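The structure appears below as structure tokens.
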Amino acid sequence: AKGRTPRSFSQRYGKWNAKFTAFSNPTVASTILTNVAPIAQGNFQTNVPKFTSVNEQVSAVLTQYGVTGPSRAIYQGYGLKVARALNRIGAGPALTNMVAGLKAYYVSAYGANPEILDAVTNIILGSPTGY
Amino acid sequence: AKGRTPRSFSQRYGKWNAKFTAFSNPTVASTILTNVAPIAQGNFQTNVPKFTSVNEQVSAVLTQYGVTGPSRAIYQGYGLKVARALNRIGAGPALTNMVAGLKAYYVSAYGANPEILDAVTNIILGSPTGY
Amino acid sequence: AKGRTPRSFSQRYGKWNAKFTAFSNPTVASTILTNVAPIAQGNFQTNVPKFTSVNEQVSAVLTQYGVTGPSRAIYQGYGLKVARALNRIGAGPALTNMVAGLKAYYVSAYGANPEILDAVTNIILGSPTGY
Amino acid sequence: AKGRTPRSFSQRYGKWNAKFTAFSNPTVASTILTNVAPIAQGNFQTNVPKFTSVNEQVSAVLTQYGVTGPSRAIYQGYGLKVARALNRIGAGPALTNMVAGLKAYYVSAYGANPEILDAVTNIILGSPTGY
Amino acid sequence: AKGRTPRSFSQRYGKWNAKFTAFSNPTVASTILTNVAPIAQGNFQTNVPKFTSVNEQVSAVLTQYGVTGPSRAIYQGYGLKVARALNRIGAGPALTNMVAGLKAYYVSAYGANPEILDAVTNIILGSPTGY
Amino acid sequence: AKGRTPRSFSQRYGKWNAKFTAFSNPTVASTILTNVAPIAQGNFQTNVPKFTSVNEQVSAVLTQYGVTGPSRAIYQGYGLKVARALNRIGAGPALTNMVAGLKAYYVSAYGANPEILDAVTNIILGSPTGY
């Protein structure tokens, strides 16, 4: 019972503004954040190392291919996306479909190099295709 | 950034418990509910008349067919379900597909009468099939 | 003595608005919620594990079939629905009827794949039909 | 001088946890949110209408094609994605490149229909290719 | 009388740590920041529009050439660099030397396109060389 | 969800001014800086020795070539620039590309001597080219 009726811009803005004005209270904000602090820390600790490792490995790979400057970000972003998929759905045919779709996305939208995308997918998943 | 990493029972329970303990504070609950009162009233006033009208029309249809007791709720429920679809996506082929699927759902799971389902769909959408 | 007389939109709206305005009081809300907190925690701890496990098993089944993106939600939803039935009425002929009705529902309304629905029913109940 | 030295998981977690613990203070959170409230309202008002209208138009388009359930979200997501590009970089060859890349992304990863993707990008940009 | 004697790592670290501990005091930080607030507001108001304008014009030029994603940042950065030079030393032969040096820098370190760099420096300075 | 919609001068100025007014509060600044002190100390201790060492070695090299006064800063800066690259991406072909680009930058824009640039990059990376 959350997305059952259509909401126009007026209703969306009204409810978002009400909730934002509520959260600006000192007591409301401090209470909610102090209550969710340990769960947030546990989620951070559980999830972030899998992505810092990908950052380090993809950096090591990009230095061997000569990629410098903002062009590194492209491949870095790609790598993180792949890791996201691996965290969400796991290894198997679905991960293969998502690697193919992400490669098409990056190559045709951002002009990324297929060879470096293969090297990044190899350092992350073990194979260029991800099987 | 809400459904990106998998959450186990302990994580779900921890966060739900933190949020429930926070919302039990007098100031937090008071502030939130007092801020969302006018928007909640507006959403209620906008949406509920379309469903009370369906309730009355389906009641009129059900008295003509001799349906009594909890066996009424079946068709009442079905009626409301159909109205929900018309409110979400509007009239058209998608609504026809959902009406056929809902008829299958009710006839197969709950032993509803196809004739009374046709009469309810007729009083709500104008036609037994809903074109 | 709750649903014995018919209620129009004016009566529903008046009583809903009265109750909502009452609950927005700090004392009222804080008292009700602080009183029902342990019972809510107990009901959560009793019921949610049966559904987190279903989520994980259906995810595992869906990765082997190549389902990615929002198309996964369909089957996840179906799985949860099935689990709901098992929690409510138990195993037996009634569960078979509701499984057949739910499969008719999803295939005819949402374009679900029958083979993947049998796979999900197999991982949840133990058989494609659920006997 | 923000992304000039590499940060490991320990440094990232230390700084994130320090800033999160600071923001849970009543005065810190209250002051920051109260100060940024009008600017946030203005950004919301400036940007969200362009996406609410895309939601309504894409819904109208999807009901003409028979799409129901979570399978609608796919195209909704695509639509919003396209609008994002138009809001960011404007109309021109860059938008054409991004539209082609987004279609490749969705068709290859999420099993979307090319025909409905063309209909959505036509209701949004005016042409299927988007020139 | 600031950089007249050489400082080793221990001296730099000791003085920086002393100053950071001093500035963390509530009174020190609040007094300094409250005192420098209007001058900082004036410096922002005086300098930032020259760079927002460059951002908008370079965005318009980049959309005409098909640049998308992080590869846009490259050119954005170059543009801002050139704009910075124009703000610092003014128009003249010195600005010509610096524009040539920045073009060499970006083309040979970040693999930028000479044509798009010429276009960006044309929209900013008036001509590709900047005379 | 940080740099997704375009921000004009008035929006940037408004948000910057809001955050600056907030940080000038005694409690806000005190809390944030006191919380981040140990992580900032660790980051300083981790990164700065690599740059003080470069300063001392480049000083020794510059005194052998007879460079005095502000004309020293040029090479000092260039040295630190190269060290920055070594800290960010590490040794490899990308570092070679960046060293070549930095030499082009400094020789063309700031009129530095290629021989002293070779000597500085030789004391820093081990070779004039940096392989």
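Going by the order they are written in, the chains are A, B, C, D, E and F; count residues from 1 in each one.
We take it that contacts are C-beta pairs under 8 Å (C-beta built on N, C-alpha and C of every residue); 3 or more make two chains touch, one makes a residue touch a chain.
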Winner on C-beta contact pairs when E-F is weighed against A-F
E-F
Could you work out which pair in B-C, A-E or A-D copies the interface of C-D, where over half of the contact pairs coincide by residue number?
A-E
Could you give the separation in Å between the centres of chain A and chain C, each centre being the mean of its C-alpha atoms?
29
So what's the Cα centroid distance for chain C and chain F, whole Å?
56
Identify all positions of chain B at which a residue touches two or more other chains, and write them in rising order.
6, 21, 25, 27, 97-98, 101
So in the complex, which bits of chain F are touching chain A?
89-98, 101
Under the touch definition given earlier, write down the residues of chain C that touch chain A in their complex.
59-60, 62-68, 72
Using the touch definition from the top, list the residues of chain D that touch chain A in their complex.
6, 8-9, 12-13, 16-17, 20-21, 23-27, 29-30, 33-34, 37, 40-41, 44-45, 48-49, 52, 56, 59, 97-98, 100-102, 104-110
So in the complex, the part of chain F that touches chain D is made up of which residues?
4-6, 11, 14-15, 18-19, 21-22, 25, 27-28, 31-32, 35-36, 38-39, 42-43, 46-47, 84, 87-88
Name, in rising order, each residue of chain E that touches chain A in their complex.
68-71, 73-74, 77, 109-111
